[PDB]
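Data block for start-v3.pdb (PDB, N, CA and C atoms):
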ATOM      1  N   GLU W   1      53.949  48.677 -71.147
ATOM      2  CA  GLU W   1      54.464  47.841 -70.068
ATOM      3  C   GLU W   1      55.945  47.519 -70.193
ATOM      4  N   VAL W   2      56.351  47.017 -71.361
ATOM      5  CA  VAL W   2      57.742  46.607 -71.528
ATOM      6  C   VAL W   2      58.654  47.817 -71.444
ATOM      7  N   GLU W   3      58.269  48.909 -72.112
ATOM      8  CA  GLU W   3      59.068  50.128 -72.091
ATOM      9  C   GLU W   3      59.203  50.677 -70.676
ATOM     10  N   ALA W   4      58.136  50.580 -69.880
ATOM     11  CA  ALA W   4      58.234  51.001 -68.488
ATOM     12  C   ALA W   4      59.133  50.059 -67.697
ATOM     13  N   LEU W   5      59.081  48.758 -67.993
ATOM     14  CA  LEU W   5      59.975  47.829 -67.311
ATOM     15  C   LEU W   5      61.425  48.070 -67.714
ATOM     16  N   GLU W   6      61.667  48.405 -68.985
ATOM     17  CA  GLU W   6      63.015  48.797 -69.382
ATOM     18  C   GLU W   6      63.520  49.935 -68.517
ATOM     19  N   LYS W   7      62.663  50.923 -68.258
ATOM     20  CA  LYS W   7      63.096  52.062 -67.461
ATOM     21  C   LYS W   7      63.362  51.641 -66.020
ATOM     22  N   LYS W   8      62.468  50.836 -65.444
ATOM     23  CA  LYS W   8      62.692  50.340 -64.090
ATOM     24  C   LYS W   8      63.971  49.525 -64.019
ATOM     25  N   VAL W   9      64.232  48.712 -65.045
ATOM     26  CA  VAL W   9      65.436  47.888 -65.031
ATOM     27  C   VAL W   9      66.672  48.765 -65.148
ATOM     28  N   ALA W  10      66.596  49.812 -65.970
ATOM     29  CA  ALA W  10      67.724  50.731 -66.100
ATOM     30  C   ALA W  10      67.977  51.463 -64.790
ATOM     31  N   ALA W  11      66.907  51.870 -64.106
ATOM     32  CA  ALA W  11      67.074  52.505 -62.804
ATOM     33  C   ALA W  11      67.733  51.547 -61.824
ATOM     34  N   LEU W  12      67.318  50.282 -61.842
ATOM     35  CA  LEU W  12      67.937  49.295 -60.965
ATOM     36  C   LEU W  12      69.408  49.113 -61.303
ATOM     37  N   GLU W  13      69.739  49.066 -62.597
ATOM     38  CA  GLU W  13      71.140  48.924 -62.985
ATOM     39  C   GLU W  13      71.977  50.092 -62.471
ATOM     40  N   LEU W  14      71.443  51.311 -62.540
ATOM     41  CA  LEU W  14      72.174  52.452 -61.989
ATOM     42  C   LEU W  14      72.320  52.337 -60.479
ATOM     43  N   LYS W  15      71.245  51.948 -59.795
ATOM     44  CA  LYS W  15      71.303  51.829 -58.343
ATOM     45  C   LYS W  15      72.246  50.713 -57.931
ATOM     46  N   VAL W  16      72.224  49.595 -58.653
ATOM     47  CA  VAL W  16      73.116  48.496 -58.300
ATOM     48  C   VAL W  16      74.559  48.897 -58.556
ATOM     49  N   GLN W  17      74.801  49.595 -59.664
ATOM     50  CA  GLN W  17      76.133  50.109 -59.953
ATOM     51  C   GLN W  17      76.632  51.007 -58.829
ATOM     52  N   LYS W  18      75.778  51.917 -58.363
ATOM     53  CA  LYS W  18      76.178  52.789 -57.269
ATOM     54  C   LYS W  18      76.450  51.986 -56.005
ATOM     55  N   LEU W  19      75.592  51.002 -55.705
ATOM     56  CA  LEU W  19      75.829  50.154 -54.546
ATOM     57  C   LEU W  19      77.146  49.399 -54.680
ATOM     58  N   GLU W  20      77.446  48.880 -55.875
ATOM     59  CA  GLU W  20      78.709  48.166 -56.041
ATOM     60  C   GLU W  20      79.892  49.078 -55.751
ATOM     61  N   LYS W  21      79.846  50.314 -56.253
ATOM     62  CA  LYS W  21      80.922  51.262 -55.997
ATOM     63  C   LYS W  21      81.059  51.537 -54.511
ATOM     64  N   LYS W  22      79.929  51.763 -53.836
ATOM     65  CA  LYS W  22      79.978  52.054 -52.413
ATOM     66  C   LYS W  22      80.479  50.848 -51.635
ATOM     67  N   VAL W  23      79.976  49.655 -51.962
ATOM     68  CA  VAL W  23      80.394  48.469 -51.218
ATOM     69  C   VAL W  23      81.861  48.159 -51.476
ATOM     70  N   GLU W  24      82.320  48.297 -52.728
ATOM     71  CA  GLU W  24      83.741  48.105 -52.993
ATOM     72  C   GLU W  24      84.574  49.111 -52.217
ATOM     73  N   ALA W  25      84.114  50.363 -52.149
ATOM     74  CA  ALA W  25      84.843  51.372 -51.386
ATOM     75  C   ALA W  25      84.894  51.008 -49.906
ATOM     76  N   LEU W  26      83.782  50.509 -49.363
ATOM     77  CA  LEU W  26      83.788  50.056 -47.977
ATOM     78  C   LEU W  26      84.716  48.865 -47.793
ATOM     79  N   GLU W  27      84.660  47.901 -48.714
ATOM     80  CA  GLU W  27      85.461  46.692 -48.564
ATOM     81  C   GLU W  27      86.947  46.995 -48.631
ATOM     82  N   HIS W  28      87.344  47.876 -49.542
ATOM     83  CA  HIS W  28      88.757  48.116 -49.815
ATOM     84  C   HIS W  28      89.306  49.329 -49.090
ATOM     85  N   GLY W  29      88.462  50.084 -48.392
ATOM     86  CA  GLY W  29      88.926  51.268 -47.698
ATOM     87  C   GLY W  29      89.368  52.385 -48.612
ATOM     88  N   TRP W  30      88.781  52.476 -49.803
ATOM     89  CA  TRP W  30      89.216  53.471 -50.771
ATOM     90  C   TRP W  30      89.072  54.875 -50.205
ATOM     91  N   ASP W  31      90.161  55.642 -50.275
ATOM     92  CA  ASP W  31      90.177  57.020 -49.799
ATOM     93  C   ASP W  31      89.767  57.097 -48.336
ATOM     94  N   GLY W  32      89.979  56.006 -47.601
ATOM     95  CA  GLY W  32      89.630  55.965 -46.197
ATOM     96  C   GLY W  32      88.167  55.725 -45.912
ATOM     97  N   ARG W  33      87.369  55.393 -46.920
ATOM     98  CA  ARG W  33      85.977  55.021 -46.689
ATOM     99  C   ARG W  33      85.875  53.680 -45.956
TER
ATOM    100  N   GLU O   1      54.686  36.198 -68.955
ATOM    101  CA  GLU O   1      56.086  36.609 -68.908
ATOM    102  C   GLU O   1      56.298  38.006 -68.344
ATOM    103  N   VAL O   2      55.577  38.987 -68.890
ATOM    104  CA  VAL O   2      55.786  40.365 -68.457
ATOM    105  C   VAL O   2      55.369  40.523 -67.007
ATOM    106  N   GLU O   3      54.215  39.953 -66.646
ATOM    107  CA  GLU O   3      53.726  40.038 -65.276
ATOM    108  C   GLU O   3      54.698  39.386 -64.301
ATOM    109  N   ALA O   4      55.317  38.275 -64.707
ATOM    110  CA  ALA O   4      56.327  37.660 -63.855
ATOM    111  C   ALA O   4      57.571  38.535 -63.767
ATOM    112  N   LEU O   5      57.944  39.194 -64.868
ATOM    113  CA  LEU O   5      59.086  40.099 -64.811
ATOM    114  C   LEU O   5      58.780  41.313 -63.942
ATOM    115  N   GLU O   6      57.543  41.816 -63.994
ATOM    116  CA  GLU O   6      57.156  42.876 -63.070
ATOM    117  C   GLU O   6      57.406  42.454 -61.635
ATOM    118  N   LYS O   7      57.053  41.213 -61.300
ATOM    119  CA  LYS O   7      57.235  40.756 -59.930
ATOM    120  C   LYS O   7      58.717  40.644 -59.592
ATOM    121  N   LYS O   8      59.510  40.077 -60.502
ATOM    122  CA  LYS O   8      60.949  39.996 -60.274
ATOM    123  C   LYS O   8      61.550  41.383 -60.124
ATOM    124  N   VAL O   9      61.087  42.338 -60.934
ATOM    125  CA  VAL O   9      61.635  43.687 -60.854
ATOM    126  C   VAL O   9      61.241  44.334 -59.535
ATOM    127  N   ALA O  10      60.010  44.091 -59.085
ATOM    128  CA  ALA O  10      59.574  44.635 -57.801
ATOM    129  C   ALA O  10      60.378  44.032 -56.659
ATOM    130  N   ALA O  11      60.653  42.730 -56.731
ATOM    131  CA  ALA O  11      61.489  42.105 -55.712
ATOM    132  C   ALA O  11      62.878  42.724 -55.708
ATOM    133  N   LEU O  12      63.434  42.971 -56.893
ATOM    134  CA  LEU O  12      64.744  43.609 -56.969
ATOM    135  C   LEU O  12      64.702  45.010 -56.379
ATOM    136  N   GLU O  13      63.642  45.768 -56.674
ATOM    137  CA  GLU O  13      63.530  47.112 -56.113
ATOM    138  C   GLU O  13      63.497  47.073 -54.588
ATOM    139  N   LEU O  14      62.782  46.106 -54.010
ATOM    140  CA  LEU O  14      62.783  45.981 -52.553
ATOM    141  C   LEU O  14      64.163  45.606 -52.032
ATOM    142  N   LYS O  15      64.826  44.663 -52.699
ATOM    143  CA  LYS O  15      66.148  44.240 -52.251
ATOM    144  C   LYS O  15      67.153  45.368 -52.400
ATOM    145  N   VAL O  16      67.071  46.121 -53.493
ATOM    146  CA  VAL O  16      68.013  47.221 -53.678
ATOM    147  C   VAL O  16      67.754  48.303 -52.643
ATOM    148  N   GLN O  17      66.481  48.581 -52.370
ATOM    149  CA  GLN O  17      66.127  49.534 -51.326
ATOM    150  C   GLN O  17      66.717  49.123 -49.983
ATOM    151  N   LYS O  18      66.581  47.845 -49.634
ATOM    152  CA  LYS O  18      67.147  47.376 -48.378
ATOM    153  C   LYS O  18      68.663  47.508 -48.381
ATOM    154  N   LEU O  19      69.309  47.151 -49.500
ATOM    155  CA  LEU O  19      70.752  47.313 -49.593
ATOM    156  C   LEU O  19      71.150  48.777 -49.448
ATOM    157  N   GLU O  20      70.403  49.689 -50.077
ATOM    158  CA  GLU O  20      70.746  51.103 -49.942
ATOM    159  C   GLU O  20      70.683  51.542 -48.488
ATOM    160  N   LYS O  21      69.639  51.122 -47.769
ATOM    161  CA  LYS O  21      69.517  51.471 -46.359
ATOM    162  C   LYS O  21      70.685  50.919 -45.562
ATOM    163  N   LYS O  22      71.034  49.654 -45.806
ATOM    164  CA  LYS O  22      72.129  49.046 -45.069
ATOM    165  C   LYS O  22      73.448  49.724 -45.410
ATOM    166  N   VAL O  23      73.691  49.978 -46.697
ATOM    167  CA  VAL O  23      74.960  50.591 -47.083
ATOM    168  C   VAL O  23      75.050  52.018 -46.563
ATOM    169  N   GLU O  24      73.949  52.780 -46.633
ATOM    170  CA  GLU O  24      73.971  54.119 -46.055
ATOM    171  C   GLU O  24      74.243  54.057 -44.561
ATOM    172  N   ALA O  25      73.640  53.086 -43.870
ATOM    173  CA  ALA O  25      73.889  52.942 -42.437
ATOM    174  C   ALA O  25      75.353  52.615 -42.167
ATOM    175  N   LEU O  26      75.944  51.743 -42.986
ATOM    176  CA  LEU O  26      77.366  51.454 -42.839
ATOM    177  C   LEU O  26      78.209  52.686 -43.130
ATOM    178  N   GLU O  27      77.876  53.414 -44.198
ATOM    179  CA  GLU O  27      78.685  54.563 -44.587
ATOM    180  C   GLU O  27      78.642  55.657 -43.536
ATOM    181  N   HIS O  28      77.467  55.906 -42.968
ATOM    182  CA  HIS O  28      77.270  57.043 -42.077
ATOM    183  C   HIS O  28      77.366  56.674 -40.609
ATOM    184  N   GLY O  29      77.508  55.391 -40.290
ATOM    185  CA  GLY O  29      77.583  54.977 -38.903
ATOM    186  C   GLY O  29      76.295  55.156 -38.136
ATOM    187  N   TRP O  30      75.154  55.067 -38.816
ATOM    188  CA  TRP O  30      73.878  55.316 -38.163
ATOM    189  C   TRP O  30      73.668  54.352 -37.005
ATOM    190  N   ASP O  31      73.352  54.912 -35.836
ATOM    191  CA  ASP O  31      73.094  54.125 -34.638
ATOM    192  C   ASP O  31      74.277  53.227 -34.308
ATOM    193  N   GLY O  32      75.469  53.633 -34.744
ATOM    194  CA  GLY O  32      76.666  52.860 -34.488
ATOM    195  C   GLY O  32      76.869  51.678 -35.404
ATOM    196  N   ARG O  33      76.071  51.545 -36.456
ATOM    197  CA  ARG O  33      76.298  50.500 -37.449
ATOM    198  C   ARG O  33      77.576  50.765 -38.251
TER
ATOM    199  N   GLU B   1      62.757  41.706 -77.053
ATOM    200  CA  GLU B   1      62.752  42.639 -75.931
ATOM    201  C   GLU B   1      62.582  41.970 -74.576
ATOM    202  N   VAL B   2      61.550  41.133 -74.448
ATOM    203  CA  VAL B   2      61.276  40.517 -73.153
ATOM    204  C   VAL B   2      62.408  39.581 -72.771
ATOM    205  N   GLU B   3      62.871  38.773 -73.730
ATOM    206  CA  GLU B   3      63.962  37.843 -73.472
ATOM    207  C   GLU B   3      65.232  38.578 -73.063
ATOM    208  N   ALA B   4      65.491  39.735 -73.676
ATOM    209  CA  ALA B   4      66.640  40.530 -73.261
ATOM    210  C   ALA B   4      66.426  41.110 -71.868
ATOM    211  N   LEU B   5      65.193  41.509 -71.546
ATOM    212  CA  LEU B   5      64.926  42.004 -70.200
ATOM    213  C   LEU B   5      65.052  40.886 -69.172
ATOM    214  N   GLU B   6      64.625  39.670 -69.523
ATOM    215  CA  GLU B   6      64.865  38.537 -68.636
ATOM    216  C   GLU B   6      66.340  38.415 -68.310
ATOM    217  N   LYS B   7      67.197  38.574 -69.319
ATOM    218  CA  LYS B   7      68.627  38.435 -69.079
ATOM    219  C   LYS B   7      69.137  39.569 -68.198
ATOM    220  N   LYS B   8      68.714  40.802 -68.482
ATOM    221  CA  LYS B   8      69.110  41.926 -67.640
ATOM    222  C   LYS B   8      68.629  41.727 -66.213
ATOM    223  N   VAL B   9      67.410  41.207 -66.049
ATOM    224  CA  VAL B   9      66.882  41.007 -64.704
ATOM    225  C   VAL B   9      67.664  39.915 -63.992
ATOM    226  N   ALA B  10      68.037  38.863 -64.720
ATOM    227  CA  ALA B  10      68.834  37.796 -64.120
ATOM    228  C   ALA B  10      70.206  38.312 -63.713
ATOM    229  N   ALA B  11      70.810  39.157 -64.549
ATOM    230  CA  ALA B  11      72.089  39.754 -64.182
ATOM    231  C   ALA B  11      71.943  40.599 -62.926
ATOM    232  N   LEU B  12      70.859  41.366 -62.835
ATOM    233  CA  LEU B  12      70.626  42.166 -61.638
ATOM    234  C   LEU B  12      70.448  41.279 -60.416
ATOM    235  N   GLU B  13      69.706  40.178 -60.561
ATOM    236  CA  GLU B  13      69.523  39.270 -59.431
ATOM    237  C   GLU B  13      70.859  38.710 -58.951
ATOM    238  N   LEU B  14      71.752  38.362 -59.878
ATOM    239  CA  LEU B  14      73.075  37.894 -59.466
ATOM    240  C   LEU B  14      73.861  38.998 -58.775
ATOM    241  N   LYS B  15      73.817  40.209 -59.328
ATOM    242  CA  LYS B  15      74.558  41.315 -58.732
ATOM    243  C   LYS B  15      73.989  41.671 -57.370
ATOM    244  N   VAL B  16      72.665  41.655 -57.235
ATOM    245  CA  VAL B  16      72.072  41.985 -55.943
ATOM    246  C   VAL B  16      72.411  40.906 -54.928
ATOM    247  N   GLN B  17      72.372  39.646 -55.354
ATOM    248  CA  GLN B  17      72.772  38.545 -54.486
ATOM    249  C   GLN B  17      74.200  38.728 -53.990
ATOM    250  N   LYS B  18      75.111  39.075 -54.897
ATOM    251  CA  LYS B  18      76.490  39.295 -54.486
ATOM    252  C   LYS B  18      76.590  40.469 -53.523
ATOM    253  N   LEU B  19      75.867  41.560 -53.806
ATOM    254  CA  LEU B  19      75.866  42.694 -52.893
ATOM    255  C   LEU B  19      75.321  42.296 -51.527
ATOM    256  N   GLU B  20      74.249  41.499 -51.493
ATOM    257  CA  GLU B  20      73.713  41.084 -50.199
ATOM    258  C   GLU B  20      74.751  40.306 -49.404
ATOM    259  N   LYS B  21      75.464  39.390 -50.065
ATOM    260  CA  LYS B  21      76.500  38.622 -49.387
ATOM    261  C   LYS B  21      77.588  39.535 -48.853
ATOM    262  N   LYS B  22      78.034  40.485 -49.679
ATOM    263  CA  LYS B  22      79.089  41.387 -49.249
ATOM    264  C   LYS B  22      78.609  42.272 -48.109
ATOM    265  N   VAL B  23      77.397  42.819 -48.227
ATOM    266  CA  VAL B  23      76.904  43.710 -47.180
ATOM    267  C   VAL B  23      76.667  42.943 -45.886
ATOM    268  N   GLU B  24      76.113  41.725 -45.973
ATOM    269  CA  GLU B  24      75.962  40.922 -44.765
ATOM    270  C   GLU B  24      77.316  40.632 -44.139
ATOM    271  N   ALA B  25      78.322  40.336 -44.966
ATOM    272  CA  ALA B  25      79.659  40.087 -44.435
ATOM    273  C   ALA B  25      80.215  41.328 -43.747
ATOM    274  N   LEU B  26      79.997  42.503 -44.341
ATOM    275  CA  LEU B  26      80.422  43.738 -43.692
ATOM    276  C   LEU B  26      79.661  43.966 -42.394
ATOM    277  N   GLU B  27      78.345  43.749 -42.413
ATOM    278  CA  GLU B  27      77.537  44.021 -41.231
ATOM    279  C   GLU B  27      77.908  43.107 -40.078
ATOM    280  N   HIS B  28      78.148  41.833 -40.368
ATOM    281  CA  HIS B  28      78.342  40.832 -39.326
ATOM    282  C   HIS B  28      79.804  40.548 -39.037
ATOM    283  N   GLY B  29      80.723  41.134 -39.800
ATOM    284  CA  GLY B  29      82.134  40.883 -39.584
ATOM    285  C   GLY B  29      82.568  39.477 -39.922
ATOM    286  N   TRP B  30      81.897  38.836 -40.876
ATOM    287  CA  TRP B  30      82.200  37.450 -41.195
ATOM    288  C   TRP B  30      83.649  37.300 -41.630
ATOM    289  N   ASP B  31      84.353  36.366 -40.989
ATOM    290  CA  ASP B  31      85.747  36.083 -41.307
ATOM    291  C   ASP B  31      86.600  37.335 -41.184
ATOM    292  N   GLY B  32      86.157  38.276 -40.352
ATOM    293  CA  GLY B  32      86.888  39.510 -40.153
ATOM    294  C   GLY B  32      86.694  40.546 -41.234
ATOM    295  N   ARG B  33      85.760  40.338 -42.153
ATOM    296  CA  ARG B  33      85.436  41.359 -43.145
ATOM    297  C   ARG B  33      84.754  42.566 -42.494
TER
END

Once you've parsed the file, please lay out its structure as structure tokens.
Amino acid sequence: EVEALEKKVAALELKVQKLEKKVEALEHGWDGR
Amino acid sequence: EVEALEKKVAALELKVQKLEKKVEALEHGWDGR
Amino acid sequence: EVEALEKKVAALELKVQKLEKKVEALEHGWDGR
């Protein structure tokens, strides 16, 4: 259970990281995004 | 504890999923979003 | 392990909360965002 939750949490951290990059790019207009 | 963390993680997965949909819609202009 | 996962999950909840605020601001044009 815990090891599977570690994996789910790691997947969430990657997804949140990607969302942060995308949202920052939208907010700041990076490269015209 | 673990069962409550499972629920928190599931809530995060739903919220991240919704954010991904919204951010993709913003990025791609889906339906004029 | 569990206590560390609680902390990671709490960090994710804060990050997702911030993303929701930013994405809602982008979607709704709040304050011209």

*Quick one: distance from atom N of residue 22 in chain W to atom N of residue 4 in chain W in Å, one decimal?*
27.1 Å

_Quick check, in Å to one decimal: how far apart do atom N of residue 13 in chain W and CA of residue 30 in chain B lie?_
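Taking atom N of residue 13 in chain W and CA of residue 30 in chain B, their separation equals 27.4 Å.
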
Please write out chain W, superposed on chain O by least squares over all C-alpha atoms matched in order, as a PDB file with N, CA and C atoms, in the frame of the given file.
ATOM      1  N   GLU W   1      54.687  36.199 -68.955  1.00  0.00           N
ATOM      2  CA  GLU W   1      56.086  36.609 -68.908  1.00  0.00           C
ATOM      3  C   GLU W   1      56.298  38.006 -68.344  1.00  0.00           C
ATOM      4  N   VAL W   2      55.577  38.987 -68.890  1.00  0.00           N
ATOM      5  CA  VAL W   2      55.786  40.365 -68.457  1.00  0.00           C
ATOM      6  C   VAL W   2      55.369  40.523 -67.007  1.00  0.00           C
ATOM      7  N   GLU W   3      54.215  39.953 -66.646  1.00  0.00           N
ATOM      8  CA  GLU W   3      53.726  40.038 -65.276  1.00  0.00           C
ATOM      9  C   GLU W   3      54.698  39.386 -64.300  1.00  0.00           C
ATOM     10  N   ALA W   4      55.317  38.275 -64.707  1.00  0.00           N
ATOM     11  CA  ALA W   4      56.327  37.660 -63.855  1.00  0.00           C
ATOM     12  C   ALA W   4      57.571  38.535 -63.768  1.00  0.00           C
ATOM     13  N   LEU W   5      57.944  39.194 -64.867  1.00  0.00           N
ATOM     14  CA  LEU W   5      59.087  40.099 -64.811  1.00  0.00           C
ATOM     15  C   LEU W   5      58.780  41.313 -63.942  1.00  0.00           C
ATOM     16  N   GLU W   6      57.543  41.816 -63.995  1.00  0.00           N
ATOM     17  CA  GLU W   6      57.157  42.876 -63.070  1.00  0.00           C
ATOM     18  C   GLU W   6      57.406  42.454 -61.635  1.00  0.00           C
ATOM     19  N   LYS W   7      57.053  41.213 -61.301  1.00  0.00           N
ATOM     20  CA  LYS W   7      57.235  40.756 -59.930  1.00  0.00           C
ATOM     21  C   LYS W   7      58.717  40.644 -59.592  1.00  0.00           C
ATOM     22  N   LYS W   8      59.510  40.077 -60.502  1.00  0.00           N
ATOM     23  CA  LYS W   8      60.949  39.997 -60.274  1.00  0.00           C
ATOM     24  C   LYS W   8      61.550  41.383 -60.124  1.00  0.00           C
ATOM     25  N   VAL W   9      61.087  42.337 -60.935  1.00  0.00           N
ATOM     26  CA  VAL W   9      61.634  43.687 -60.854  1.00  0.00           C
ATOM     27  C   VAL W   9      61.241  44.334 -59.535  1.00  0.00           C
ATOM     28  N   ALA W  10      60.010  44.091 -59.085  1.00  0.00           N
ATOM     29  CA  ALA W  10      59.574  44.635 -57.802  1.00  0.00           C
ATOM     30  C   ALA W  10      60.378  44.033 -56.659  1.00  0.00           C
ATOM     31  N   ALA W  11      60.654  42.730 -56.731  1.00  0.00           N
ATOM     32  CA  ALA W  11      61.489  42.105 -55.712  1.00  0.00           C
ATOM     33  C   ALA W  11      62.878  42.724 -55.708  1.00  0.00           C
ATOM     34  N   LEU W  12      63.434  42.971 -56.893  1.00  0.00           N
ATOM     35  CA  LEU W  12      64.744  43.609 -56.969  1.00  0.00           C
ATOM     36  C   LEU W  12      64.702  45.010 -56.380  1.00  0.00           C
ATOM     37  N   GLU W  13      63.641  45.768 -56.674  1.00  0.00           N
ATOM     38  CA  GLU W  13      63.530  47.112 -56.113  1.00  0.00           C
ATOM     39  C   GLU W  13      63.497  47.073 -54.588  1.00  0.00           C
ATOM     40  N   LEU W  14      62.783  46.107 -54.010  1.00  0.00           N
ATOM     41  CA  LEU W  14      62.784  45.981 -52.553  1.00  0.00           C
ATOM     42  C   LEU W  14      64.163  45.606 -52.032  1.00  0.00           C
ATOM     43  N   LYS W  15      64.826  44.663 -52.699  1.00  0.00           N
ATOM     44  CA  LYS W  15      66.148  44.240 -52.251  1.00  0.00           C
ATOM     45  C   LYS W  15      67.154  45.368 -52.399  1.00  0.00           C
ATOM     46  N   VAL W  16      67.072  46.121 -53.493  1.00  0.00           N
ATOM     47  CA  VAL W  16      68.012  47.221 -53.678  1.00  0.00           C
ATOM     48  C   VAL W  16      67.754  48.303 -52.643  1.00  0.00           C
ATOM     49  N   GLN W  17      66.481  48.581 -52.370  1.00  0.00           N
ATOM     50  CA  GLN W  17      66.127  49.534 -51.326  1.00  0.00           C
ATOM     51  C   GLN W  17      66.717  49.123 -49.983  1.00  0.00           C
ATOM     52  N   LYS W  18      66.582  47.845 -49.634  1.00  0.00           N
ATOM     53  CA  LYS W  18      67.147  47.376 -48.378  1.00  0.00           C
ATOM     54  C   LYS W  18      68.663  47.508 -48.381  1.00  0.00           C
ATOM     55  N   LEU W  19      69.309  47.151 -49.500  1.00  0.00           N
ATOM     56  CA  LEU W  19      70.752  47.313 -49.593  1.00  0.00           C
ATOM     57  C   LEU W  19      71.150  48.777 -49.448  1.00  0.00           C
ATOM     58  N   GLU W  20      70.402  49.689 -50.076  1.00  0.00           N
ATOM     59  CA  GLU W  20      70.747  51.102 -49.942  1.00  0.00           C
ATOM     60  C   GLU W  20      70.683  51.542 -48.487  1.00  0.00           C
ATOM     61  N   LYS W  21      69.640  51.122 -47.768  1.00  0.00           N
ATOM     62  CA  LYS W  21      69.517  51.471 -46.359  1.00  0.00           C
ATOM     63  C   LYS W  21      70.685  50.920 -45.562  1.00  0.00           C
ATOM     64  N   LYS W  22      71.034  49.654 -45.806  1.00  0.00           N
ATOM     65  CA  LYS W  22      72.129  49.047 -45.069  1.00  0.00           C
ATOM     66  C   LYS W  22      73.447  49.724 -45.409  1.00  0.00           C
ATOM     67  N   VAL W  23      73.691  49.978 -46.698  1.00  0.00           N
ATOM     68  CA  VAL W  23      74.960  50.591 -47.083  1.00  0.00           C
ATOM     69  C   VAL W  23      75.050  52.018 -46.564  1.00  0.00           C
ATOM     70  N   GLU W  24      73.949  52.781 -46.632  1.00  0.00           N
ATOM     71  CA  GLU W  24      73.971  54.119 -46.054  1.00  0.00           C
ATOM     72  C   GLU W  24      74.243  54.057 -44.561  1.00  0.00           C
ATOM     73  N   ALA W  25      73.640  53.086 -43.870  1.00  0.00           N
ATOM     74  CA  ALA W  25      73.888  52.942 -42.438  1.00  0.00           C
ATOM     75  C   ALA W  25      75.353  52.615 -42.167  1.00  0.00           C
ATOM     76  N   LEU W  26      75.944  51.743 -42.986  1.00  0.00           N
ATOM     77  CA  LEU W  26      77.366  51.454 -42.839  1.00  0.00           C
ATOM     78  C   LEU W  26      78.209  52.686 -43.130  1.00  0.00           C
ATOM     79  N   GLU W  27      77.876  53.414 -44.198  1.00  0.00           N
ATOM     80  CA  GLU W  27      78.685  54.563 -44.587  1.00  0.00           C
ATOM     81  C   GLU W  27      78.643  55.657 -43.535  1.00  0.00           C
ATOM     82  N   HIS W  28      77.468  55.906 -42.969  1.00  0.00           N
ATOM     83  CA  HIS W  28      77.270  57.044 -42.077  1.00  0.00           C
ATOM     84  C   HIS W  28      77.366  56.674 -40.610  1.00  0.00           C
ATOM     85  N   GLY W  29      77.509  55.391 -40.289  1.00  0.00           N
ATOM     86  CA  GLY W  29      77.583  54.976 -38.903  1.00  0.00           C
ATOM     87  C   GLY W  29      76.295  55.156 -38.136  1.00  0.00           C
ATOM     88  N   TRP W  30      75.155  55.067 -38.817  1.00  0.00           N
ATOM     89  CA  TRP W  30      73.879  55.316 -38.163  1.00  0.00           C
ATOM     90  C   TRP W  30      73.667  54.353 -37.006  1.00  0.00           C
ATOM     91  N   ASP W  31      73.353  54.913 -35.837  1.00  0.00           N
ATOM     92  CA  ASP W  31      73.094  54.125 -34.638  1.00  0.00           C
ATOM     93  C   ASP W  31      74.277  53.228 -34.308  1.00  0.00           C
ATOM     94  N   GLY W  32      75.470  53.633 -34.744  1.00  0.00           N
ATOM     95  CA  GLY W  32      76.667  52.861 -34.487  1.00  0.00           C
ATOM     96  C   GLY W  32      76.869  51.678 -35.404  1.00  0.00           C
ATOM     97  N   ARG W  33      76.070  51.545 -36.456  1.00  0.00           N
ATOM     98  CA  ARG W  33      76.298  50.500 -37.449  1.00  0.00           C
ATOM     99  C   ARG W  33      77.576  50.765 -38.250  1.00  0.00           C
TER     100      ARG W  33
END

_Selection under test: the PyMOL selection byres ((chain W) within 8 of (chain B)); residues as a VMD selection string_ = chain W and resid 2 5 to 6 9 12 to 13 16 19 to 20 23 26 to 27
